[PDB]
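Reviewing the structure listed below.
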Amino acid sequence: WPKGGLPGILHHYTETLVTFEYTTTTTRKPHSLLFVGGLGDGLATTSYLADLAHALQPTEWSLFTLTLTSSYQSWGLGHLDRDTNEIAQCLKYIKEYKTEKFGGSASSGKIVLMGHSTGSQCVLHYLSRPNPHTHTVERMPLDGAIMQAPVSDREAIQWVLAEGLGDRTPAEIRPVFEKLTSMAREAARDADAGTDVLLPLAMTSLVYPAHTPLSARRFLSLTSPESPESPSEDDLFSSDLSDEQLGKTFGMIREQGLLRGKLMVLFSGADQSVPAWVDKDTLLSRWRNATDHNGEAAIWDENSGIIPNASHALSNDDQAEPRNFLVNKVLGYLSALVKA
Amino acid sequence: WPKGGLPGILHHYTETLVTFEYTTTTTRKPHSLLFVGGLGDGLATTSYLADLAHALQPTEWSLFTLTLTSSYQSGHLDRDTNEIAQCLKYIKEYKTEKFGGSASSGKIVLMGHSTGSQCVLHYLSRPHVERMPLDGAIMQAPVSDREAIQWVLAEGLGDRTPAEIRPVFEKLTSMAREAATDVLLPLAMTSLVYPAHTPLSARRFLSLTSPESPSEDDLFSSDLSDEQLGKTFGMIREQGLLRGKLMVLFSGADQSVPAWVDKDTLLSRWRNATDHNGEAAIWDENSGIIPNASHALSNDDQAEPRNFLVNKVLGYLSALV
């Protein structure tokens with residue numbers, strides 16, 4: 001969005017997939033921040049990314065964004081495993097690239113994975129899931145991990161059905177939601193194996209804040225009842241998940257050994273996607289206690305919190321001050337990482 | 001892809017769509033080449049894009065590549081057309097602000113790569129952002145998807161023989177008829193028969209496999225009539241969105257074109273449709289066949305065909321100025 005575009009380097013970490021490095025200068029950049037946008041974003045995330053790149057100019061960190069297969073196939077369920085593999089491939093590339101370019105020590109360069117919106121799912125999934133060594137793509141450990149506005153899509157839809165979305169009131173959205181579920185359930189039962197029934201964009205965008213296309217199977221994941229015993233792949237950040245369930249995700253960060261550093265969560269204080277019935281402070285403390293195993297570890301970054309007056313994506317002209325604050329928290333996190 | 005990536009500028013031509021500009025600050029860049037393709041032929045393509053970008057560095061042309069809505073997804077040609085028009089509008093404004101407007105004599109060329117060639121012809125010949133006129137147009141490896149599938153069914157694809165492909169093709173037919181509320185077919189099965197290797201809706205697969213012989217995609221089939229070519233190549237003059245000339249570049253060893261297609265006759269017929277049998281002079285005389293070129297010119301053995309292709313583009317752009 002800055003006039004004249006943003007200068008940088010377009011890399012190929014696979015033959016099909018790319019990562020864009022933001023850079024204007026000769027300066028040394030041994031360290032790397034890989035930013036993972038929302039599902040279906042690719043390199044097209046805006047929000048605070050320009051301000052972050054501008055702020056990282058004087059530093060020893062260069063900002064990366066990337067494309068995944070899920071950037072192009074944003075409508076399918078069961079996507080986080082593939083996302084995670086491609087992030088790992090991108091991290092491997094960045095690590096060799098930064099060694100080759102600036103030399104120094106082989107593993108001097110530090111890597112931080114930042115998730116934005118539903119990109120935060122990829123961050124937690126990267127850290128929490130099994131890391132097998134199967135040969136028929138090992139994930140490297142991160143020096144840091146950030147999740148910006150990790151919000152439940154399930155609970156966001158509940159809030160849309162309660163309050164409305166845009167011009168549309170609850171009474172107008174409801175008939176479409178009920179029709180969409182009925183369509184999605186019918187497709188799950190009746191569609192041929194391997195096919196995906198894409199639901200109408202006209203209908204889904206009335207109920208879905210992300211405004212990305214939806215298959216029947218993917219939509220069902222977002223609306224079917226979360227089981228008190230277990231939720232879906234996407235449903236990592238719902239406020240009514242049990243401590244047992246948080247132990248399977250946040251609690252597995254310590255066990256997998258892929259974060260040799262801190263996890264910082266940055267909630268948005270005026271996040272319009274989060275229901276007013278959700279206590280955000282309780283939610284962060286429960287994630288902290290799950291992550292730290294009730295004081296046994298110190299993985300959770302205490303500097304995690306709720307950005308005052310920030311919206312979900314911090315998009316507005318209103319959001320100049322929260323954006324600047326958010327960017328300053330990222331630079332402070334990154335500064336603490338390089339000070340020993 | 002080159003060691004250390006390739007430097008440039010990432011632009012947002014809409015809120016959600018982007019175009020990457022290959023450029024350096026050492027030379028001014030009043031002129032612009034917009035390079036278009038489907039998923040795999042666009043912003044994230046390999047092909048000959050690195051060679052083209054490097055070759056334009058000393059010139060007054062910068063190279064743009066873009067994401068469409070159809071790049072994400074993989075009626076689509078009207079949407080493609082609109083998004084190319086939006087990107088061209090952005091490029092023109094950007095380059096006007098940077099290097100001056102009509103007094104600087106800035107030029108815009110639209111280049112279609114593989115699947116992007118359909119978008120180039122549709123942009124030019126179809127009768128919502130209003131489409132701007134182009135100073136030039138290039139179509140590289142324009143191929144019939146219909147005849148590419150026919151060729152796969154006759155000769156196989158990859159490690160599959162036609163015998164191995166036929167049960168997959170028949171199942172996809174059976175899966176598609178049952179579907180015909182948009183239904184995507186299994187990508188692991190459609191990629192066995194479809195050379196472009198992108199997801200197909202059930203209607204699109206039936207459109208490509210059913211012989212009307214024509215859907216809106218079917219622009220470059222060799223068995224299309226002169227009357228049907230008049231509606232596409234013939235409408236370039238009448239729409240008035242091409243100021244300069246149309247250069248078409250076939251790949252000599254294109255594996256997706258059937259061996260039986262007479263490429264020389266196909267160039268003669270497109271030329272005659274484009275120029276209306278000598279009434280107009282729109283067809284570029286440097287159009288032709290690149291010797292030994294594969295569809296994408298991607299392999300390590302394609303250095304010579306890539307050089308040939310790049311020089312055709314450089315000479316075309318040089319002539320335009």
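Residue names in the structure tokens use chain letters A, B, ... in the order shown, residue numbers from 1 in each chain, and ligand numbers from 1 in the order shown.
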
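Proximity to segment 267-282 of chain A at 8 Å, evaluated using only C-alpha atoms and with sequence-adjacent residues fewer than 3 positions away removed, yields residues 148, 149, 150, 151, 152, 155, 156, 158, 159, 160, 209, 239, 285, 286, 305, 306, 307, 308, 309, 310, 311 and 312 of chain A.
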
Practice problem: Write out as a PyMOL selection string every residue belonging to chain B that has an atom at most 8 Å from any atom of chain A, counting only C-alpha atoms. | Solution: chain B and resi 1+4-12+15-18+40+44-46+71-74+94+98+175+181-186

Write a file of the selected residues as a short mmCIF file (atom, residue, chain, number, x, y, z; two decimals), in the first residue's frame, keeping N, CA, C and O atoms.
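Ended up saving to result.cif:
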data_model
loop_
_atom_site.label_atom_id
_atom_site.label_comp_id
_atom_site.auth_asym_id
_atom_site.auth_seq_id
_atom_site.Cartn_x
_atom_site.Cartn_y
_atom_site.Cartn_z
N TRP B 1 15.73 -21.39 -10.49
CA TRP B 1 15.74 -19.95 -10.07
C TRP B 1 17.16 -19.52 -9.66
O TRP B 1 17.88 -20.32 -9.06
N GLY B 4 20.30 -16.57 -4.72
CA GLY B 4 20.02 -15.36 -3.96
C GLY B 4 18.73 -14.64 -4.32
O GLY B 4 18.53 -13.49 -3.90
N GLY B 5 17.86 -15.28 -5.10
CA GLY B 5 16.60 -14.68 -5.54
C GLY B 5 16.80 -13.58 -6.57
O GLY B 5 17.93 -13.34 -7.02
N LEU B 6 15.71 -12.92 -6.95
CA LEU B 6 15.77 -11.82 -7.92
C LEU B 6 15.15 -10.55 -7.35
O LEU B 6 14.01 -10.58 -6.87
N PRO B 7 15.90 -9.43 -7.38
CA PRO B 7 15.43 -8.19 -6.77
C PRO B 7 14.31 -7.53 -7.58
O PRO B 7 14.25 -7.67 -8.80
N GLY B 8 13.45 -6.80 -6.88
CA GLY B 8 12.34 -6.12 -7.52
C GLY B 8 11.45 -5.37 -6.54
O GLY B 8 11.88 -5.03 -5.44
N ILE B 9 10.21 -5.11 -6.96
CA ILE B 9 9.24 -4.36 -6.17
C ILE B 9 7.91 -5.11 -6.18
O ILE B 9 7.40 -5.44 -7.25
N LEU B 10 7.35 -5.36 -5.00
CA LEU B 10 6.04 -5.99 -4.87
C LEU B 10 4.97 -4.91 -4.77
O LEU B 10 5.02 -4.06 -3.88
N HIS B 11 4.01 -4.96 -5.70
CA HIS B 11 2.91 -3.99 -5.77
C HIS B 11 1.58 -4.64 -5.45
O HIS B 11 1.40 -5.84 -5.66
N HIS B 12 0.65 -3.82 -4.96
CA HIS B 12 -0.75 -4.21 -4.77
C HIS B 12 -1.60 -3.41 -5.76
O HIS B 12 -1.82 -2.22 -5.55
N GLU B 15 -6.60 -4.42 -3.37
CA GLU B 15 -6.40 -4.75 -1.95
C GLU B 15 -5.85 -6.18 -1.76
O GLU B 15 -4.96 -6.39 -0.94
N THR B 16 -6.37 -7.13 -2.54
CA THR B 16 -6.04 -8.55 -2.40
C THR B 16 -5.15 -9.15 -3.50
O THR B 16 -4.69 -10.28 -3.36
N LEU B 17 -4.92 -8.42 -4.60
CA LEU B 17 -4.13 -8.93 -5.73
C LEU B 17 -2.82 -8.17 -5.87
O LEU B 17 -2.77 -6.96 -5.64
N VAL B 18 -1.77 -8.89 -6.27
CA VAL B 18 -0.41 -8.34 -6.32
C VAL B 18 0.25 -8.55 -7.68
O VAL B 18 -0.10 -9.47 -8.42
N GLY B 40 1.23 -21.43 -12.00
CA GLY B 40 2.44 -22.10 -12.50
C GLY B 40 3.10 -21.38 -13.68
O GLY B 40 4.28 -21.60 -13.95
N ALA B 44 4.66 -17.02 -9.79
CA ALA B 44 5.47 -18.12 -9.26
C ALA B 44 5.97 -19.10 -10.33
O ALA B 44 6.31 -20.24 -10.01
N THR B 45 6.01 -18.67 -11.59
CA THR B 45 6.57 -19.52 -12.65
C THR B 45 8.09 -19.51 -12.60
O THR B 45 8.70 -18.59 -12.05
N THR B 46 8.68 -20.55 -13.18
CA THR B 46 10.12 -20.59 -13.41
C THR B 46 10.32 -20.31 -14.89
O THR B 46 10.49 -19.15 -15.27
N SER B 71 -5.58 -17.14 -10.51
CA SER B 71 -4.33 -17.75 -10.02
C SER B 71 -4.57 -18.48 -8.71
O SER B 71 -4.02 -19.56 -8.50
N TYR B 72 -5.37 -17.88 -7.83
CA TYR B 72 -5.79 -18.57 -6.60
C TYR B 72 -6.65 -19.78 -6.94
O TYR B 72 -6.23 -20.91 -6.68
N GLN B 73 -7.81 -19.56 -7.55
CA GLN B 73 -8.68 -20.67 -8.00
C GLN B 73 -7.97 -21.69 -8.91
O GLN B 73 -8.19 -22.89 -8.77
N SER B 74 -7.14 -21.19 -9.82
CA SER B 74 -6.50 -21.96 -10.91
C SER B 74 -7.49 -22.20 -12.04
O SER B 74 -8.09 -21.25 -12.55
N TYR B 94 1.24 4.15 -11.88
CA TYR B 94 2.54 4.03 -11.20
C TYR B 94 3.69 4.57 -12.05
O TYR B 94 4.48 5.38 -11.57
N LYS B 98 5.97 7.96 -11.64
CA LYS B 98 7.40 7.73 -11.49
C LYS B 98 8.23 8.39 -12.60
O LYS B 98 9.22 9.06 -12.31
N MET B 175 -17.36 -39.63 -12.68
CA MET B 175 -17.42 -38.70 -11.55
C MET B 175 -17.99 -37.34 -11.95
O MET B 175 -18.75 -36.73 -11.19
N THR B 181 -22.86 -24.91 -6.15
CA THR B 181 -22.98 -26.23 -6.77
C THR B 181 -21.86 -26.54 -7.78
O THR B 181 -22.10 -27.22 -8.78
N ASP B 182 -20.65 -26.06 -7.51
CA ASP B 182 -19.49 -26.38 -8.36
C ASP B 182 -18.69 -27.48 -7.67
O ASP B 182 -18.38 -27.39 -6.48
N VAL B 183 -18.36 -28.52 -8.43
CA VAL B 183 -17.71 -29.72 -7.91
C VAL B 183 -16.31 -29.83 -8.50
O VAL B 183 -16.16 -29.94 -9.71
N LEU B 184 -15.30 -29.82 -7.63
CA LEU B 184 -13.92 -30.03 -8.05
C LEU B 184 -13.60 -31.51 -8.06
O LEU B 184 -13.87 -32.21 -7.09
N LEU B 185 -13.02 -31.98 -9.16
CA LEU B 185 -12.62 -33.37 -9.30
C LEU B 185 -11.31 -33.61 -8.54
O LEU B 185 -10.58 -32.65 -8.25
N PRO B 186 -11.00 -34.88 -8.20
CA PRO B 186 -9.74 -35.19 -7.50
C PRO B 186 -8.50 -34.76 -8.29
O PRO B 186 -8.35 -35.15 -9.45
#

Quiz prompt | Selection: 12 Å around residue 95 of chain A, only C-alpha atoms, excl. self and same-chain fewer than 4 positions, as an MDAnalysis selection string | solution = (chainID A and resid 13 29:34 88:91 99:103 105:112 140:142) or (chainID B and resid 4)

Could those selected residues go to a file with C-alpha atoms, as an mmCIF file, in the first residue's frame?
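What follows is the written file result.cif:
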data_model
loop_
_atom_site.group_PDB
_atom_site.id
_atom_site.type_symbol
_atom_site.label_atom_id
_atom_site.label_comp_id
_atom_site.auth_asym_id
_atom_site.auth_seq_id
_atom_site.Cartn_x
_atom_site.Cartn_y
_atom_site.Cartn_z
ATOM 1 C CA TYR A 13 12.105 -22.116 -1.913
ATOM 2 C CA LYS A 29 20.768 -9.217 7.869
ATOM 3 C CA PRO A 30 21.890 -12.450 9.587
ATOM 4 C CA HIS A 31 18.432 -12.875 11.215
ATOM 5 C CA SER A 32 15.054 -13.671 9.616
ATOM 6 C CA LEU A 33 11.366 -13.112 10.430
ATOM 7 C CA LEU A 34 9.080 -15.399 8.387
ATOM 8 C CA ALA A 88 9.742 -26.071 7.042
ATOM 9 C CA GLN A 89 11.004 -26.077 3.424
ATOM 10 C CA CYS A 90 10.926 -22.253 3.370
ATOM 11 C CA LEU A 91 12.820 -22.077 6.690
ATOM 12 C CA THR A 99 24.423 -18.413 5.463
ATOM 13 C CA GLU A 100 25.464 -18.193 1.781
ATOM 14 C CA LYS A 101 24.775 -14.439 1.501
ATOM 15 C CA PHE A 102 26.222 -13.030 4.755
ATOM 16 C CA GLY A 103 28.489 -15.930 5.848
ATOM 17 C CA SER A 105 28.796 -18.711 11.711
ATOM 18 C CA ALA A 106 26.736 -21.488 10.093
ATOM 19 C CA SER A 107 23.932 -21.347 12.704
ATOM 20 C CA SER A 108 24.456 -17.750 13.971
ATOM 21 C CA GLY A 109 21.337 -16.614 12.101
ATOM 22 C CA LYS A 110 18.149 -16.588 14.168
ATOM 23 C CA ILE A 111 14.717 -17.494 12.813
ATOM 24 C CA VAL A 112 11.326 -16.356 14.123
ATOM 25 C CA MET A 140 13.773 -27.173 12.139
ATOM 26 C CA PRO A 141 13.478 -25.655 15.628
ATOM 27 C CA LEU A 142 12.582 -21.953 15.841
ATOM 28 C CA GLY B 4 20.015 -15.356 -3.958
#

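Straight-line separation from atom CA of residue 213 of chain B to atom CA of residue 226 of chain B: 13.3 Å.
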
Practice problem: Name the closest residue to residue 123 of chain B among the candidates B:204, B:54, B:79, B:269; distances are taken between atoms, counting only C-alpha atoms. | Solution: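 That would be B:79, the residue with the smallest distance to residue 123 of chain B.
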
Practice problem: For residue 120 of chain B, work out the shell of residues within 12 Å, counting only C-alpha atoms and skipping chain neighbours fewer than 6 positions away, then give it as a PyMOL selection string. | Solution: chain B and resi 34-38+77-78+80-85+109-114+126+131+134+136-140+142+219+232-233+236+241-242+246-248

Quiz item: Interatomic distance between atom CA of residue 48 of chain B and atom CA of residue 141 of chain B?
Solution: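 One can read the atom CA of residue 48 of chain B to atom CA of residue 141 of chain B distance as 12.2 Å.
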
Practice problem: Per DSSP on the backbone, filter segment 15-135 of chain B down to the residues in helix (DSSP H, G or I) and report them as number ranges by chain. | Solution: B: 49-56, 69-73, 76-99, 102-104, 116-125

Quiz item: For the atom pair atom CA of residue 19 of chain B and atom CA of residue 300 of chain B, what is the interatomic distance in Å to one decimal place?
Solution: 27.2 Å

Which neighbours of segment 151-163 of chain B fall inside 10 Å, counting only C-alpha atoms, when residues of the same chain fewer than 2 positions from it are skipped, and could you give them as a compact mmCIF listing (two decimals) with C-alpha atoms, in the first residue's frame?
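Output file around13.txt is given in full below:
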# COMPACT_ATOMS: atom_id res chain seq x y z
CA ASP B 145 -6.23 -27.71 -23.75
CA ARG B 146 -8.75 -29.85 -25.69
CA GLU B 147 -6.09 -31.13 -28.12
CA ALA B 148 -3.50 -31.48 -25.32
CA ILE B 149 -5.87 -33.92 -23.56
CA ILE B 165 -4.70 -43.27 -18.47
CA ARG B 166 -7.94 -44.61 -19.99
CA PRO B 167 -9.49 -46.07 -16.77
CA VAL B 168 -8.66 -42.80 -14.93
CA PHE B 169 -10.20 -40.72 -17.73
CA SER B 191 -3.32 -34.36 -13.09
CA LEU B 192 -2.77 -37.81 -14.65
CA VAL B 193 -4.60 -36.66 -17.82
CA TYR B 194 -4.30 -32.83 -17.68
CA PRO B 195 -0.80 -31.47 -18.63
CA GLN B 255 5.13 -31.85 -25.87
CA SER B 256 1.50 -30.73 -25.27
CA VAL B 257 0.81 -30.00 -28.98
CA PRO B 258 -0.20 -33.09 -31.00
CA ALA B 259 2.46 -34.25 -33.52
CA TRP B 260 -0.21 -34.15 -36.25

Practice problem: Could you give me, as a count of residues only, the residues within 9 Å of segment 245-258 of chain A, counting only C-alpha atoms and dropping anything in the same chain fewer than 6 positions from it? | Solution: 29

Quiz prompt | Backbone-only DSSP, strand (DSSP E or B) members of segment 72-184 of chain A, as a list in words | solution =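 Going through segment 72-184 of chain A, the strand (DSSP E or B) residues come out as residues 111, 112, 113, 114, 115, 116, 142, 144, 145, 146, 147, 148, 165 and 168 of chain A.
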
Store the residues of this selection in a file with N, CA and C atoms, as a compact mmCIF listing (two decimals), in the first residue's frame.
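Final output, again21.txt:
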# COMPACT_ATOMS: atom_id res chain seq x y z
N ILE A 111 15.96 -17.41 13.58
CA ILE A 111 14.72 -17.49 12.81
C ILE A 111 13.52 -17.40 13.75
N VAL A 112 12.57 -16.53 13.39
CA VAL A 112 11.33 -16.36 14.12
C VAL A 112 10.17 -16.56 13.15
N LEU A 113 9.18 -17.35 13.56
CA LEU A 113 7.98 -17.58 12.76
C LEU A 113 6.83 -16.77 13.35
N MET A 114 6.28 -15.85 12.56
CA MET A 114 5.15 -15.03 12.97
C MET A 114 3.90 -15.42 12.20
N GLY A 115 2.80 -15.63 12.92
CA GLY A 115 1.50 -15.94 12.33
C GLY A 115 0.55 -14.77 12.50
N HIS A 116 -0.19 -14.46 11.43
CA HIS A 116 -1.18 -13.38 11.41
C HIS A 116 -2.54 -13.98 11.11
N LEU A 142 12.65 -23.40 15.98
CA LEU A 142 12.58 -21.95 15.84
C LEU A 142 13.23 -21.28 17.05
N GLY A 144 12.18 -18.28 17.83
CA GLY A 144 11.04 -17.55 18.35
C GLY A 144 9.76 -17.87 17.61
N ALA A 145 8.63 -17.56 18.23
CA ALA A 145 7.32 -17.75 17.62
C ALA A 145 6.34 -16.68 18.09
N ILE A 146 5.67 -16.03 17.14
CA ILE A 146 4.69 -14.98 17.44
C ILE A 146 3.36 -15.36 16.79
N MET A 147 2.26 -15.14 17.52
CA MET A 147 0.91 -15.32 16.99
C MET A 147 0.12 -14.03 17.20
N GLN A 148 -0.24 -13.37 16.10
CA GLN A 148 -0.97 -12.10 16.14
C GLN A 148 -2.44 -12.35 15.84
N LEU A 165 -22.87 -8.88 10.33
CA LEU A 165 -21.58 -8.64 9.67
C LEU A 165 -21.74 -7.63 8.54
N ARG A 168 -25.22 -6.44 6.96
CA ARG A 168 -26.17 -7.54 7.15
C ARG A 168 -26.43 -7.79 8.64

Practice problem: Determine, counting only C-alpha atoms, which protein, DNA and RNA residues have an atom within 10 Å of an atom of residue 240 of chain B; residues of the same chain fewer than 5 positions away are not included. Present the result as a PyMOL selection string. | Solution: chain B and resi 124-125+132-134+235
